[PDB]
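So the structure is just underneath, and the comments pick up after that.
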Amino acid sequence: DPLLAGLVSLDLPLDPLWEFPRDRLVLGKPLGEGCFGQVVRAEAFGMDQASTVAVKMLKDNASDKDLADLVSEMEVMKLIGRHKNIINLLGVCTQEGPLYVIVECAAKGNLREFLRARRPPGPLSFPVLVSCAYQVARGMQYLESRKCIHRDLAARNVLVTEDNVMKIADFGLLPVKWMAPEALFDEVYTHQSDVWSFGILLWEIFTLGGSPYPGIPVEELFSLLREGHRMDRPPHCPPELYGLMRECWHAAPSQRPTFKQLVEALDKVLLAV
Ligand SMILES: *CCC(=O)Nc1ccc(CN2C(=O)N(c3cc(OC)cc(OC)c3)Cc3cnc(Nc4ccc(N5CCN(C)CC5)cc4)nc32)cc1
Numbered sequence: 443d444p445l446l447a448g449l450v451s452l453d454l455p456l457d458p459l460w461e462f463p464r465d466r467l468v469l470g471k472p473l474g475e476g477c478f479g480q481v482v483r484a485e486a487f488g489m495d496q497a498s499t500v501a502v503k504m505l506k507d508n509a510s511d512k513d514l515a516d517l518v519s520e521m522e523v524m525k526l527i528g529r530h531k532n533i534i535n536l537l538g539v540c541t542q543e544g545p546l547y548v549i550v551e552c553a554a555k556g557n558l559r560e561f562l563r564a565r566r567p568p582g583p584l585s586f587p588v589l590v591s592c593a594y595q596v597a598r599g600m601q602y603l604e605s606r607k608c609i610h611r612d613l614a615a616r617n618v619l620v621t622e623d624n625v626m627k628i629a630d631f632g633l651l652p653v654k655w656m657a658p659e660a661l662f663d664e665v666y667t668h669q670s671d672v673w674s675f676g677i678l679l680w681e682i683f684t685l686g687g688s689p690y691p692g693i694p695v696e697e698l699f700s701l702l703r704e705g706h707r708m709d710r711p712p713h714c715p716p717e718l719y720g721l722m723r724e725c726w727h728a729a730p731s732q733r734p735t736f737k738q739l740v741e742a743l744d745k746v747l748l749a750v
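Residues 443 to 489, 495 to 568, 582 to 633, 651 to 750 (the deposited numbering) are what the sequence shown spells out, left to right.
Structure representation (structure tokens):
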């Protein structure tokens, strides 16, 4: 791999808006596993005193394509801007050392595992669940306003902080069960296909980390969706929230709610409870 094998130093351009001093960073233990590169917990000073963050870097066997992908993800996160319910870029280290991309840490892991660990034989009351759904819709509303189509919205892609704040990951760049029909069949992706995926995520939330379309092989999902198959109401789900899911899975993208409406609708349920 030319660039990584050939250069003693990697002369990425200095962006002063984002560059973070390496000596104010303390690298710690690895985070998750290793399918999306190498990510570690770290402490960052003066983001005065410390705070916990997550740091992505190249695995020691990275290819030039891994380098390009890390850089591109970095660049995309710079343009998207900050919001409470997404994993935010906090800084980069590009000058005179290894490439480090510093983002927000979410101590409790992804939403699917958070929910499943806390299943009852309470903790996952109706208000907690609606709050999860609400927070994710707010993040998606933000992303949509920044013209960012996620394309892989799922509970495994939503991370949970120490304070139970939902944060969407992988906004900057088997998934088939989260894909809208127009994306499944015609590889078309729009904000309204993210809304479909959000419907699946909603079902995920109210089955407390359940797996979508249980018992069904991915190969048959094509025709099943074509024949108009839809998942049924989760036991932990009032008919009015199920109505929301079903609307998100409208065959016609224009007849699905927008994220603005999902936020307003879920906000209402929260005030009531
Ligand atoms: C192949 C499956 C797999 O390994 N998935 C996976 C890998 C790594 C992470 C960790 N991340 C993460 O990648 N973050 C991130 C980086 C980044 O780079 C620019 C961009 C992002 O979105 C745009 C996100 C962020 C992040 C924030 N917090 C956490 N916290 C975390 C805490 C605990 C855990 N656990 C996982 C599993 N188990 C059993 C216990 C605890 C994971 C993550 N992580 C990341 C996530 C998934």
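Where is the CB? At the ideal position from N, CA and C, for every residue including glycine.
Check, Outcome
"DSSP puts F487 in a beta bridge; with which residues?", "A497"
"Is the beta carbon of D744 within less than 7 angstroms of some heavy atom of ligand 1?", "no"
"Kindly give me the distance between the Cβ atoms of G538 and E461, rounded to whole angstroms, as I take these residues to be in contact under 8 angstroms.", "7 angstroms"
"Tell me the DSSP secondary structure of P472 in three-state form.", "strand"
"Going by DSSP in three states, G676 sits in which element: helix, strand or coil?", "helix"
"Within 8 angstroms, do at least three Cβ pairs link the stretch 543-563 to the stretch 500-510?", "yes"
"Report yes or no: do three or more beta-carbon pairs, one from the stretch 507-527 and one from the stretch 443-457, lie closer than 8 angstroms?", "yes"
"According to DSSP, simplified to helix, strand and coil, what is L747?", "helix"
"Less than 8 angstroms separating the beta-carbons of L562 and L685?", "yes"
"Considering only residues of the same chain and omitting the five flanking positions on each side of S670, which have a CB-CB separation below 8 angstroms?", "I609, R611, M656, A657, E659, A660 and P730"
"Closest to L613 by CA distance: which of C540, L558, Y719 and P694 is it?", "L558"
"Please return the same chain residues whose Cβ sits closer than 6 angstroms to the Cβ of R565, not counting the five positions on each side in sequence.", "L584"
"Please list, in chain order, all residues of the same chain as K737 whose beta carbon is under 7 angstroms from its beta carbon, the five residues on each side excluded.", "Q601"
"Is it true that the CB of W680 sits closer than 8 angstroms to the CB of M626?", "no"
"Quick one: give me the first and last residue of the alpha helix (DSSP H) that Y547 is part of.", "Per DSSP, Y547 belongs to no alpha helix (DSSP H); it is in the beta strand (DSSP E), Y547 to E551."
"Sort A629, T667 and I677 by Cα distance to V653 and report the nearest one.", "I677"
"When burial is assigned at 16 or more other CB atoms within 10 Å of the CB, is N624 buried or exposed?", "exposed"
"In this structure, does DSSP put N535 in helix, strand or coil?", "coil"
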